Every structure is written in C-alpha cells, then in structure tokens.
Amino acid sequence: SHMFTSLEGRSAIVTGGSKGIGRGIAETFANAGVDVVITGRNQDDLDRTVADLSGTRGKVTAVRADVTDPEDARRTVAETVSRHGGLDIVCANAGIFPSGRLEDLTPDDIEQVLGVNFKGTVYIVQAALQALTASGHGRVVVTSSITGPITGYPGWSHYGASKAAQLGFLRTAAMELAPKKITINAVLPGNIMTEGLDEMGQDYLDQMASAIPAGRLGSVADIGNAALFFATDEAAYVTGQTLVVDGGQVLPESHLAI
C-alpha cells in the first residue's frame, strides 16, 4: 500500500539528460511526477528526448547549456526556477570518457575531462545552492563511477581522476550542505548500456559483460532508480555517501572467479 512519499510536483535538473544515463534519470523522475529540466549542448538531441518523453506525468523540458560554463549553470537554475517555481533536486550527471594512455594525454585532454565531469558537477551545485536551500529538502545526486574511486582501466587515468574528484568534493560539500538541509550523494555505476558506452566498441562491452556477476551490462533505469531513492524524503539521513550499481562487478578477485 505505501512505500516512499510521492515526489509529485517537485522540480529537478539533470545535467547531460539528452542521452544515456542522464535521460534514464530524467525519465525515472518524470514517471514519478517530478518536472525535469534536462541539459546538454546539442539542441536537436535535447529536442528529440523532450519529444520522446512528452507523455510522462512530470513535464520534461530542455535547457541548452554546457556544464563547463559557470554562467550556463546560473542560467540553467534560473530558467528551471522560472519554469517550475523552485528547485528540489539536482542530478549532476553530465560526463565524458574519452580514452587516452597517460603518455598521450595533453593538457587539453585532461582539462576537457576534468572540466565536464568534475568542474561541471561543482558549477551546477553552486548555482543551485540557494534554490535548494529554499526547498527545505534539497537533494543532489552525482553520477560518479566505479572507475577512479575503485577501479583502474588503461586509457582512463584522467576519467577516473575526475570521477574520484566528484566524491572528494561531495564528502566536504555534504558537511557544508547539512545545515541547509541538502543531502548530496553519488551513484557509482559500473557499466550501463548507453550511447556513450557504445562508442567504446563491442569488444569493450563484451569484456565488461563477462566480468559482471549479474551477467549483464546495467540499464539507465538502474541508475535513475538509485537517484530516485536518494531524492526521497525517506533518505534525508543519507548524505555524503556512495552507492555502487554494478551487478557485482567490483567484487570478483579475478576473472573466471565469476
């Protein structure tokens, strides 16, 4: 009869919500009656996802914005407050994972990944702070990864760096946000079927599939539903923490051990 208090009518931002995990998070929240502003740089991709999600209970709309731009963060929050009247949930999700061996990585390569993945998470949280404070039950959910905080994978030394940087930030942010009644937590997916992971190629997807006790790559709904849990009133006592959503992938001591 009753599980979690309904989030209907609340207001959320998902950065990088046009594709992949961000889209699955937006759809998960929208199905729960949360109005969602999704962001991204490509307008056509935002428009297709807004069109695709037009039948959801919560209204998904788009704001074209680069997470690396602090001005775009402020505009995103202001536009979301304008459309919804306030702001309750920020899902700091936008992220990229280009691959490059450490000896090949340029300053620009490193700043590209750290700017989107880490700086872009900090910028949207900063911009959203006052509206989340006015919420009285603010929720920030960060899309980190097992890569960095837990795992290594050749080619992703800067990616993993940026995923760990998110968590180092939120362990302090959680303490600064607690008097404002905002929780901040992070989902750490393992390997989820997305357009972004598709670019890694089939042999990467097979490789990770065989390393996962659950026997499959995860789904965007898996991450959206973890985000949803963190946003509930029922999770008000959870802050500064991580949840690994990976089918057991970080557990095995070795390969065939699965």
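Sequential numbering from 1, following the sequence displayed.
- The deposited model assigns a higher average Cα B-factor to 28-36 than to the other stretch when 28-36 and 221-229 are compared.
- Per-stretch averaging of Cα B factors for 239-247 and 18-26 places 18-26 on top.
- When the modelled residues of the chain are ordered by their C-alpha B factor, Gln166 lands in the lowest third.
- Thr194: CA B factor in the middle third of modelled residues in this chain (values from the PDB entry).
- Sort the modelled residues of the chain by CA B factor and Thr106 lands in the middle third.
- For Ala78, the recorded CA B-factor ranks within the highest third of the chain. Only modelled residues enter the ranking.
- Looking at the C-alpha B-factors along this chain, the one for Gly86 belongs to the highest third.
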